[PDB]
Number of protein chains: 2
Amino acid sequence: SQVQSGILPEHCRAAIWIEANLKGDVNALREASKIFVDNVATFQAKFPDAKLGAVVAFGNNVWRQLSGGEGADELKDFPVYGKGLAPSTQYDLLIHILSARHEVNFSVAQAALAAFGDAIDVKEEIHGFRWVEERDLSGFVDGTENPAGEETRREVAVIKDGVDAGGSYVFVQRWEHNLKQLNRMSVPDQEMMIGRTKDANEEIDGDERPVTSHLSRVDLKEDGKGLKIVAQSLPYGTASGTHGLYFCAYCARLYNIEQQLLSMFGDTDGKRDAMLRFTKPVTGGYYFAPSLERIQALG
Amino acid sequence: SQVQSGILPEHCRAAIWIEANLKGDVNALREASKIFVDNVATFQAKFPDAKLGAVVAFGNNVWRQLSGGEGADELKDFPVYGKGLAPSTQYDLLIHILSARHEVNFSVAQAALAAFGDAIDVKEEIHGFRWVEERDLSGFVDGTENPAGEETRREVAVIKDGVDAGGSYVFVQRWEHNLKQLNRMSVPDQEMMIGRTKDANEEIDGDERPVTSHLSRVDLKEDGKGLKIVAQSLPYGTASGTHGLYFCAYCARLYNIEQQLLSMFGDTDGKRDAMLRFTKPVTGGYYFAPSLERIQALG
Ligand code: HEM
Ligand code: HEM
Ligand SMILES: [Mg+2]
């Protein structure tokens, strides 16, 4: 079984995320998905220098219908966390395109919309870009450097065995930064908020940083083993309007993502991520990315 | 007198255009402009390989005040053409940033917003990107290949003598494409609408192309000389939403631009550009870009 091309690539410079709801018969998504993954291969042959990859992923209700309720045991609608601090905007379909060339991404997105046609109603389209020094617009690194290498990324992100082998669970969440609130904080205070130094990205010891620091919120272990994810997040937005981070993560278990979200949004020990002092999430959704063989078998 | 850095560069991959109105005392724009052009030089030293350039330009009413009425003889508010076919959205300030790296442009745009601060109210911010094969989203080339080379571009765009030497007139106009309507047209009929062949961009002669073809509208002569411009246009937008071409042109005389517009929008010979069946302009403004020496002498 073969993983979809957009899950594991590293160092993408640009991405497009499209979120949409089904219109009408769910079975129309079968042929559209097949056309789209075939389009991706065609684009890869035409634009080898793009290093293009893409993912099509499905929300709970639609995937249960398409799969006859088989597998994807952990999949569910984004449930809201923090009594609303992390809202749910769950849709039926996610298209994630990433590469070294925004212009190729755009062409692929057009081909995706043409393949699904009237079977979908688009609700969100975000264009991500890698910023200077691979930093988040906060000035801290963007959180996607690790894990490095195909081998470890495959271990963290890709289901190993069973009917779902080669698949992955996907989480997307758009954040809106308020850089005016951020820049009122001294850099040392920002570093206690994140849990690493800002310029050199040197980790601050857990015993020396507050429990509300982002790293204390999301660096979680179970029986001494870290709950890791493969992040594909990128900055987005305009300088004079809305901007922030489009957070995107792939994982072989949704459990890892949920545990980090429960910790960040006050549903574990009661503490909340200190990053909420300058940025907030405004979307949230969970999706299942099947293997390429599984998509081809839809019809 | 030195030309602002964003006028002459060729083959930029990305740009940001910001249009803004003045808030409060017009004299605040004096030091702000000096700060911004100095920031641009600093960014150029930080990112030499990005081939960054930028332009600050002023609408008629503001420039007349800042220049004490000297020079800029042709400057005026952008008028409506074709009894509304081309609308007017004249603002006070234009900031144009271009380079090989969208991410560098974003940082320069943030520094621009800091430079002008509360002296401006931002009305528009457009992010342009070079599309595949330097084509407009219609599939035709994007109209910016010629004139090639610094010498010819300088002769076309940069005022040669007098108090304004080193300056340039600027015209910006955002177009919204309906690619569904274009897709209903056969490629031969698209080529008669543009005036050139689509894939090869081979000029179609005047004997065969209609006078309403775009080339027939804008390929104009005066006294044995072509009325040339230096176009910095780029595609913009989202696949599922609004997209098109952000048209941007520099010229040593506003006369050249206005003559082309009078032709396109029906005011010269009653005929209108055939492209209007699939794309329409929704903004429009004229600005004057002073020389760097002239900016430095504002305060
Ligand atoms: C505004 C949104 C966010 C920003 C700016 C951000 C930023 C960062 C930064 C600066 C780091 C440390 C850099 C590094 O990885 O070496 C990091 C690490 C990490 N982030 Fe975030 N993050 C955000 C949201 C999230 C969310 C929503 C999650 C999970 C649901 C998450 C999970 C993680 C994880 C697991 C790590 C690695 C922790 C470790 O093992 O050291 N982040 N992020
Ligand atoms: C949706 C908007 C537009 C599109 C898609 C478009 C497209 C094109 C194309 C395909 C060419 C020929 C390519 C080449 O040989 O370089 C061209 C040339 C040109 N365009 Fe446009 N254009 C647009 C708007 C405008 C506007 C608003 C103006 C001026 C007010 C303009 C002025 C010119 C000029 C002067 C030329 C060169 C003609 C020549 O000397 O052969 N264009 N444009
Ligand atoms: Mg003569």
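Quick notes on the rules
- Residues numbered from 1 in each chain as written, not as in the entry; some residues may be left out.
- Chains lettered and ligands numbered in written order.
- Heavy atoms only, no water.
- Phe/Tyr/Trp six-rings, centres within 6.5 Å; stacked < 30°, edge-to-face > 60°.
- Helix = DSSP H or I, 4+ residues; strand = E, 2+ residues; numbered from the N terminus.
- Buried < 20%, exposed > 50% of the residue type's maximum accessible area, 1.4 Å probe, protein only.
- Contact = heavy atoms within 4.5 Å.
- Near = heavy atom within 4 Å.
- Polar contact = N/O pair within 3.5 Å; in protein donor to acceptor, adjacent residues only side chain to side chain.
- Nonpolar A, V, L, I, M, F, W, Y, C, P; charged D, E, K, R; others polar.
- Core = buried A, V, L, I, M, F, W, Y, C linked by side-chain atoms within 4.5 Å.
- Buried area = accessible area lost by both parts, 1.4 Å probe.
- Salt bridge = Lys/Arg side-chain N within 4 Å of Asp/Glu carboxyl O.
- Donors = N, O, S within 2.8 Å, 3.2 Å for Na, K, Ca; no water.

As recorded in the entry header, the structure was determined using X-ray crystallography to a resolution of 1.86002782211 Å.

Draft legend 1. Here's a closer look at the packing of aromatic side chains. For the structure shown, the criterion picks out 24 aromatic pairs over all chains. Where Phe129 of chain A meets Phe106 of chain B, the ring centres are 5.3 Å apart and the plane angle is 45°; that geometry is what we call tilted. Here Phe129 of chain A, found in strand β4 (residues 120–129), pairs with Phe106 of chain B, found in helix α3 (residues 102–116), and the two come from separate chains. Take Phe129 of chain A and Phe106 of chain B: they sit in the same class, and that class is buried. With a centroid separation of 6.1 Å and an interplanar angle of 35°, the aromatic rings of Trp175 of chain A and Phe265 of chain A are classed as tilted. Here the residue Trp175 of chain A occupies a position in strand β5 (residues 168–177), and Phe265 of chain A occupies one in the loop between α8 (254–264) and β11 (279–281), the gap between them amounting to 90 residues. On the basis of relative accessibility, which here comes to 6%, the residue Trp175 of chain A falls in the buried class. Among the aromatic side chains, those forming a connected cluster through ring pairs are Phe78, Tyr81, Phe171, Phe247 and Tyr286 of chain A.

Draft legend 2. Representation of the side chain of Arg217 of chain A in the model. All names here are of chain A. Its location among the elements puts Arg217 in helix α7 (residues 214–218). Classification of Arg217 as buried rests on a relative accessible area of 3%. With sequence-adjacent residues up to four places away left out, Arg217 is seen in contact with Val211, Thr212, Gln260, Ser263, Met264, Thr268, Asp269, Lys271, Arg272 and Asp273.

Draft legend 3. Layout of the site of ligand 1. Residue and element names in this part refer to chain A. As a matter of local geometry, ligand 1 sits amid 20 residues, with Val141, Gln173, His214, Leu215 and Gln260 nearest to it. Within the side chain of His214, an N or O atom sits 3.0 Å from a nitrogen atom of ligand 1. Of all the secondary-structure elements, those providing two or more residues to the shell around ligand 1 are β5, α7, β10 (243–251) and α8. Across the shell around ligand 1, the residue classes break down as 11 nonpolar, 6 polar and 3 charged.

Draft legend 4. Examining the nonpolar core more closely. Counting residues in hydrophobic clusters, the biggest one holds 141 residues, and the most contacted among them are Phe36, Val56, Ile95 and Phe116 of chain A together with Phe36, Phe116 and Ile257 of chain B. At 9 residues, the largest contribution of residues to this core is made by helix α3 (residues 102–116) of chain A. Each residue touching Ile257 of chain B, except ones within four places of it in the same chain, is listed here: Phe171, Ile229, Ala249, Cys251 and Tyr286 of chain B.

Draft legend 5. Representation of the pairing of strand β2 (residues 53–58) of chain B. The buried fraction of β2 of chain B amounts to 6 of the 6 residues, a majority that puts the element mostly inside the structure. Of the two faces of β2 of chain B, the one holding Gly53, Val55 and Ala57 of chain B and the one holding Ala54, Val56 and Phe58 of chain B are both buried throughout.

Draft legend 6. Quick peek at the interface of chain A and chain B. Counting residues at the interface gives 26 residues for chain A, matched by 26 residues for chain B. Of all residues in chain A, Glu103, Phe106 and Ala239 of chain A give up the largest surface area on contact with chain B, accounting jointly for 27% of the area buried on that side. Taken together, chain A and chain B are joined by 2 salt bridges. Joining chain A to chain B, the criterion identifies 10 residue pairs in polar contact. For the side of chain A that touches chain B, the secondary-structure elements that each account for two or more residues are α3 and β4 of chain A. The leading source of residues in the side of chain A that touches chain B is α3 of chain A, at 8 residues. Residue composition of the side of chain A that touches chain B, by class: 12 nonpolar, 9 polar and 5 charged.

Draft legend 7. Region of the structure containing the coordination of the iron atom of ligand 2. Of the protein atoms, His214 of chain B (NE2) alone serves as a donor to the iron atom of ligand 2, at 2.3 Å. Mapped onto the secondary structure, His214 of chain B falls in helix α7 (residues 214–218).

Draft legend 8. Looking closely at the site of ligand 2. Residues and elements named next belong to chain B. By nearness alone, 22 residues border ligand 2, and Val141, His214, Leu215, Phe247 and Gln260 come closest of all. The side chain of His214 places a nitrogen or oxygen atom 3.0 Å from a nitrogen atom of ligand 2. Secondary-structure elements contributing two or more residues to the shell around ligand 2 are β5 (168–177), α7, β10 (243–251) and α8 (254–264). At 4 residues, β5 tops the list of elements feeding residues into the shell around ligand 2.

Draft legend 9. The environment of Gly237 of chain B, seen in detail. By the secondary structure assignment, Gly237 of chain B is in strand β9 (residues 234–237). Put simply, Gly237 of chain B and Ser99 of chain B are 138 residues apart on the chain and 18 Å apart in space, counted from C-alpha to C-alpha. Filtering out sequence-adjacent residues up to four positions away, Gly237 of chain B remains in contact with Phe106 and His127 of chain A together with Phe129, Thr242 and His243 of chain B.

Draft legend 10. Representation of the pairing of strand β3 (residues 93–99) of chain A. In terms of residue burial, β3 of chain A counts as a mostly covered element, since 7 of its 7 residues are buried. Of the two faces of β3 of chain A, the one carrying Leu93, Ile95, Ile97 and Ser99 of chain A and the one carrying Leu94, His96 and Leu98 of chain A are both buried.

Draft legend 11. Molecular detail of the pattern of salt bridges. For the structure shown, the criterion picks out 28 salt bridges over all chains. Residue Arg101 of chain A pairs with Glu103 of chain A through a salt bridge whose shortest N-O separation is 2.8 Å. Comparing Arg101 of chain A with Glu103 of chain A shows no difference in burial state: the two are buried. With a closest N to O distance of 3.5 Å, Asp199 of chain B and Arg135 of chain B form a salt bridge. Of this pair, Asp199 of chain B sits in the loop between α6 (187–194) and α7 while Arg135 of chain B sits in the loop between β4 (120–129) and α4 (150–157), and the two are 64 residues apart along the sequence. Within this structure, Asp49, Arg101 and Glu103 of chain A together with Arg13 and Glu134 of chain B form a network of salt bridges that share partners.

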